[PDB]
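> this block holds the first chain(s) of the complex, placed as they are in the complex; more will follow:
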Amino acid sequence: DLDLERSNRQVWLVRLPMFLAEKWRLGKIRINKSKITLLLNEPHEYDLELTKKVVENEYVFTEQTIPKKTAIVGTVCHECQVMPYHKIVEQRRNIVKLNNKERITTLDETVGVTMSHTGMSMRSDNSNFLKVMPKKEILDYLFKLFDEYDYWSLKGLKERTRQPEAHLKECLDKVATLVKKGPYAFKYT
Amino acid sequence: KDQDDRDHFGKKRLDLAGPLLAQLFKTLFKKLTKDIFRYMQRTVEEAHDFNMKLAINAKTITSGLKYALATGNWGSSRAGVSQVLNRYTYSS
């Protein structure tokens, strides 16, 4: 169900140097006939250079198997890139070639204090991280659970009845169907 | 164009101590990564108590290098890379 909003919206994609694109995450195009220029919004004045006069087979679409809400914005009308005021742009450009990154912090303490710690600091678990029956009463309960459930499991009876296991099984041995084989295994009906 | 000379010196590189330790270190660091993971896996898989010093066996590295210096054995897979220094006379 693809939709075509315009497919004809003339658009000029541009490639940019890093700073302005980063600053772009307005202006005024002063076309001069064809020394096209642009008066940016305050900041510098960067003209327009014609990276590619005519641009084809390239269009703008949108998104919102699984299809999605997709529309056709328009065709790229003409490609441009940028001429970047200038010396400062030139200065920062050459200045940009002067990056850096961290080296190693050696440990300025003397070593006993640094090295006493990773052995026997005497302190542990500072952080929480992966710190991990009556014969009558048993028979009445066993009959009840069997009456409550034909699949009255023995260990489940033991856990639920909270009675000694030997007394519960004796209760279930005669008051319930002692099943240890078959599809209904561990079921006392 | 001619067959490439494979001996033009420019196509050589010299894995000095720096890059060589990298090899030795990097791989030996894996032997750390695996092991903790192993023990880590165990303690949870048996709800034991998470202790750090058991968790990381330090020797895994220190024993690795100290050995792999002490003899040019470099893994095996290579030898002749570490020598006693030759203190005969200065130029030597």
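Noted; the coordinates are in hand. Numbering: from 1, shown residues only, chains lettered A, B, ... in the order given.
> tell me which parts of chain A are close to chain B?
Counting by C-beta under 8 Å from any C-beta of the partner chain, the residues of chain A close to chain B are A:119, A:129-132. Backbone N, C-alpha and C define where each C-beta goes, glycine included.
> hmm, which of these are the buried ones?
The neighbour-count criterion (16 or more other C-beta atoms under 10 Å in any protein chain shown) marks none of the residues of chain A next to chain B as buried.
> mind jotting down where the helices sit in the chain?
Looking at chain A here, since you left the chain open. A:18-22, A:86-96, A:111-117, A:135-148, A:154-161, A:165-175 (DSSP state H).
> wrong one, I was asking about chain B
Applying DSSP H to chain B gives helices spanning B:17-45, B:52-55, B:59-70.
> once you drop chain neighbours, what's closest to residue B:40?
residue B:55 (6.6 Å; C-beta to C-beta, 6 or more residues apart in numbering or on different chains).
> here's DNA strand C, drop it onto the model above:
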DNA sequence: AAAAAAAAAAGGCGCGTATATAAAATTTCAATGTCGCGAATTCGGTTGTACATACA
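So that you can see how it sits with the rest, here is DNA strand C on the chains above:
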């Protein structure tokens, strides 16, 4: 200036360390002890054409 409230801190307190003794009652546990699961294995019936051959 004064009352009042809030908070820190101090100190002694109880049986978790040791140890010997008995009592018993629970809990947990370890050392085998019976239950299915997929693979492993061998037998004749069917079929088609030949080929002789006889009733309709």
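> neighbours around residue 61, how many?
Looking at chain A here, since you left the chain open. 14 (other C-beta atoms under 10 Å in any protein chain shown).
> oops, chain B please
A count of nearby residues for residue B:61, using other C-beta under 10 Å, gives 16.
> distance check, it against residue B:32.
7 Å (C-beta to C-beta, to the nearest Å).
> can you tell me how far the most centrally placed residue in chain A is from chain B?
By C-alpha atoms, centre = their mean, chain A has its centre lying nearest to residue A:64, at 19.7 Å. According to C-beta to the nearest C-beta, to the nearest Å, residue A:64 and chain B sit 42 Å apart.
> what's the answer for residue A:165, then?
25 Å.
> setting aside sequence neighbours, what's the nearest residue to residue A:73?
Using C-beta to C-beta, 6+ apart, the closest residue to residue A:73 is residue A:60 (3.6 Å).
> also put DNA strand D on there:
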DNA sequence: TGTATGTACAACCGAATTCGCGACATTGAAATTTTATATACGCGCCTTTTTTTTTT
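So that you can see how it sits with the rest, here is DNA strand D on the chains above:
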């Protein structure tokens, strides 16, 4: 003259049948369990005390 018949001798097929690992359940047991008492240390925790802070 068309047909019915007994019998063949050869390649095809699937049908039906019996072996051990894993799941736990088993009972076996120890360990833990609670109590007195001296010893002393060192866990933490109780209340109280005192102090500090705030507000009127």
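> since we added DNA strand D, can you redo the neighbour count of residue B:61?
Neighbours of residue B:61 under the rule other C-beta under 10 Å: 16.
> distance of the spatially closest residue to it that is not a sequence neighbour from residue B:34?
Distances taken as C-beta to C-beta, 6+ apart put residue B:28 closest to residue B:61, at 5.5 Å, once the chain neighbours are dropped. Counting by C-beta to C-beta, the gap from residue B:28 to residue B:34 is 11 Å.
> when those two are compared, which one has more neighbours?
Using other C-beta under 10 Å, the more surrounded residue of residue B:28 and residue B:34 is residue B:28, with 18 against 11.
> hmm, residue A:51 and residue A:81 touching each other?
Yes - look at residue A:81 against residue A:51 with C-beta atoms under 8 Å: they come within range, at 4.3 Å.
> okay, and the common contacts of the two?
Here residue A:81 and residue A:51 have A:14-15 as joint contacts, going by C-beta atoms under 8 Å, 6 or more residues apart in numbering or on different chains.
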